[PDB]
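start-v4.cif (mmCIF, C-alpha atoms) appears below.
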data_start
#
loop_
_atom_site.group_PDB
_atom_site.id
_atom_site.type_symbol
_atom_site.label_atom_id
_atom_site.label_comp_id
_atom_site.auth_asym_id
_atom_site.auth_seq_id
_atom_site.Cartn_x
_atom_site.Cartn_y
_atom_site.Cartn_z
ATOM 1 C CA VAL A 190 185.613 -62.619 47.815
ATOM 2 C CA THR A 191 186.952 -59.056 47.779
ATOM 3 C CA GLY A 192 186.850 -58.923 51.574
ATOM 4 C CA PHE A 193 188.602 -62.291 51.783
ATOM 5 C CA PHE A 194 191.364 -61.187 49.417
ATOM 6 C CA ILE A 195 191.867 -57.889 51.252
ATOM 7 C CA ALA A 196 192.216 -59.960 54.425
ATOM 8 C CA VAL A 197 194.795 -62.264 52.846
ATOM 9 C CA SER A 198 196.717 -59.290 51.427
ATOM 10 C CA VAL A 199 196.904 -57.549 54.801
ATOM 11 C CA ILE A 200 197.814 -60.749 56.657
ATOM 12 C CA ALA A 201 200.536 -61.413 54.070
ATOM 13 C CA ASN A 202 201.883 -57.892 54.590
ATOM 14 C CA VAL A 203 201.887 -58.602 58.334
ATOM 15 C CA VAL A 204 203.723 -61.911 57.877
ATOM 16 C CA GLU A 205 206.270 -60.379 55.448
ATOM 17 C CA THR A 206 208.792 -59.911 58.278
ATOM 18 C CA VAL A 207 207.999 -62.976 60.399
ATOM 19 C CA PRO A 208 211.468 -64.406 61.206
ATOM 20 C CA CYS A 209 210.585 -67.850 59.839
ATOM 21 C CA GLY A 210 209.290 -66.181 56.667
ATOM 22 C CA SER A 211 212.055 -63.558 56.511
ATOM 23 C CA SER A 212 215.851 -63.283 56.358
ATOM 24 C CA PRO A 213 216.583 -64.601 59.909
ATOM 25 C CA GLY A 214 216.103 -68.202 61.009
ATOM 26 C CA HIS A 215 218.340 -69.626 58.257
ATOM 27 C CA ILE A 216 221.947 -68.424 58.012
ATOM 28 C CA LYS A 217 223.855 -71.683 58.455
ATOM 29 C CA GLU A 218 222.361 -73.417 55.396
ATOM 30 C CA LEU A 219 220.129 -70.898 53.578
ATOM 31 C CA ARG A 224 212.430 -71.039 54.116
ATOM 32 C CA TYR A 225 212.604 -67.454 52.812
ATOM 33 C CA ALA A 226 209.902 -67.992 50.201
ATOM 34 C CA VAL A 227 209.830 -64.861 48.022
ATOM 35 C CA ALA A 228 206.495 -66.071 46.613
ATOM 36 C CA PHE A 229 204.888 -63.499 48.933
ATOM 37 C CA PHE A 230 205.633 -61.037 46.114
ATOM 38 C CA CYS A 231 203.426 -62.945 43.672
ATOM 39 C CA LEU A 232 200.530 -62.956 46.145
ATOM 40 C CA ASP A 233 200.774 -59.177 46.460
ATOM 41 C CA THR A 234 200.721 -58.844 42.675
ATOM 42 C CA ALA A 235 197.612 -60.994 42.379
ATOM 43 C CA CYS A 236 195.759 -59.059 45.056
ATOM 44 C CA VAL A 237 196.751 -55.761 43.473
ATOM 45 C CA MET A 238 195.467 -56.684 40.033
ATOM 46 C CA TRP B 31 170.770 -68.905 51.401
ATOM 47 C CA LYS B 32 174.002 -70.965 51.390
ATOM 48 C CA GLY B 33 174.153 -70.896 47.580
ATOM 49 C CA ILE B 34 176.179 -67.726 47.903
ATOM 50 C CA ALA B 35 178.458 -69.534 50.353
ATOM 51 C CA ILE B 36 179.031 -72.565 48.120
ATOM 52 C CA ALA B 37 179.685 -70.436 45.030
ATOM 53 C CA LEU B 38 182.079 -68.314 47.092
ATOM 54 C CA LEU B 39 184.018 -71.293 48.434
ATOM 55 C CA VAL B 40 184.223 -72.797 44.938
ATOM 56 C CA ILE B 41 185.719 -69.558 43.601
ATOM 57 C CA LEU B 42 188.122 -69.445 46.558
ATOM 58 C CA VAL B 43 189.220 -73.023 45.845
ATOM 59 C CA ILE B 44 189.833 -72.150 42.186
ATOM 60 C CA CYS B 45 191.799 -69.007 43.065
ATOM 61 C CA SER B 46 193.824 -70.854 45.713
ATOM 62 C CA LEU B 47 194.712 -73.567 43.199
ATOM 63 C CA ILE B 48 195.765 -70.917 40.671
ATOM 64 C CA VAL B 49 197.902 -69.004 43.169
ATOM 65 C CA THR B 50 199.557 -72.149 44.535
ATOM 66 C CA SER B 51 200.333 -73.309 40.988
ATOM 67 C CA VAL B 52 201.964 -69.923 40.375
ATOM 68 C CA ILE B 53 203.847 -70.284 43.674
ATOM 69 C CA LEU B 54 205.138 -73.696 42.587
ATOM 70 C CA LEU B 55 206.105 -72.776 39.026
ATOM 71 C CA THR B 56 207.451 -69.214 39.298
ATOM 72 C CA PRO B 57 210.497 -69.426 41.619
ATOM 73 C CA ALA B 58 213.878 -71.040 41.032
ATOM 74 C CA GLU B 59 215.020 -72.202 44.511
ATOM 75 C CA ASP B 60 217.934 -73.964 42.739
ATOM 76 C CA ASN B 61 221.023 -72.917 44.687
ATOM 77 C CA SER B 62 222.708 -76.215 43.657
ATOM 78 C CA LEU B 63 225.290 -76.983 46.385
ATOM 79 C CA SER B 64 228.161 -75.100 47.999
ATOM 80 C CA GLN B 65 230.948 -75.659 50.564
ATOM 81 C CA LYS B 66 233.738 -78.248 50.340
ATOM 82 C CA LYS B 67 233.873 -81.293 52.596
ATOM 83 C CA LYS B 68 236.285 -81.181 55.529
ATOM 84 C CA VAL B 69 239.271 -83.478 56.144
ATOM 85 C CA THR B 70 238.918 -86.934 57.705
ATOM 86 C CA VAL B 71 241.549 -89.565 58.496
ATOM 87 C CA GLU B 72 240.617 -91.749 55.505
ATOM 88 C CA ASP B 73 241.802 -88.945 53.212
ATOM 89 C CA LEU B 74 245.355 -89.140 54.583
ATOM 90 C CA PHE B 75 246.006 -92.766 53.634
ATOM 91 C CA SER B 76 244.321 -92.518 50.236
ATOM 92 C CA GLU B 77 246.469 -92.370 47.106
ATOM 93 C CA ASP B 78 245.419 -88.728 46.632
ATOM 94 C CA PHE B 79 247.928 -87.270 49.107
ATOM 95 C CA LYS B 80 250.909 -89.430 48.101
ATOM 96 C CA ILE B 81 253.993 -87.342 47.301
#

This structure in structure tokens:
Amino acid sequence: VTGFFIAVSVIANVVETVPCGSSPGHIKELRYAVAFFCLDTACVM
Amino acid sequence: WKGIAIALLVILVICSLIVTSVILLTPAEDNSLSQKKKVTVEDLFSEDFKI
């Protein structure tokens, strides 16, 4: 489980700036889910 | 083995449910609505623009 959660933490850090998951890709109407943050927190604790 | 695997996947399912519940409940996402609608010909002949 620790290995799995390290994997999800690192893959989340990788995805953090994916254009679909980041600021670009939505400027005309607005997705940029900030919930990434929460995941980080969980992994850290 | 495979008891280790089933216990592991059960714990992963529980943790995934917890984290997705947090993901659903925590954020706001409520930007309401912005922008004003543009002008169309029906607006001209409405009583609104009568001088």

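If you take all atoms listed in the file and a cut-off of 9 Å, the residues of chain B that reach chain A are residues 38, 39, 41, 42, 49, 52, 53, 54, 56, 57 and 59 of chain B.
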
Write the selection just made, keeping C-alpha atoms, as a short mmCIF file (atom, residue, chain, number, x, y, z; two decimals), keeping the file's coordinate frame?
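Produced file again-v3.cif, reproduced below:
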data_model
loop_
_atom_site.label_atom_id
_atom_site.label_comp_id
_atom_site.auth_asym_id
_atom_site.auth_seq_id
_atom_site.Cartn_x
_atom_site.Cartn_y
_atom_site.Cartn_z
CA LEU B 38 182.08 -68.31 47.09
CA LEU B 39 184.02 -71.29 48.43
CA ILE B 41 185.72 -69.56 43.60
CA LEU B 42 188.12 -69.44 46.56
CA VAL B 49 197.90 -69.00 43.17
CA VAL B 52 201.96 -69.92 40.38
CA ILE B 53 203.85 -70.28 43.67
CA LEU B 54 205.14 -73.70 42.59
CA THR B 56 207.45 -69.21 39.30
CA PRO B 57 210.50 -69.43 41.62
CA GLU B 59 215.02 -72.20 44.51
#

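Note that atom CA of residue 35 of chain B and atom CA of residue 238 of chain A are 23.7 Å apart.
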
- Could you state the separation of atom CA of residue 212 of chain A and atom CA of residue 61 of chain B in Å, given to one decimal place?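 Going from atom CA of residue 212 of chain A over to atom CA of residue 61 of chain B, I get 16.0 Å.
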
- Task: Given the file shown, enumerate the residues that the PyMOL selection byres ((chain A and resi 197-205) around 9) captures and present them as a VMD selection string.
- Result: chain A and resid 192 to 196 206 to 208 210 to 211 229 232 to 233 236 to 237

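In this structure, atom CA of residue 65 of chain B sits 11.3 Å away from atom CA of residue 217 of chain A.
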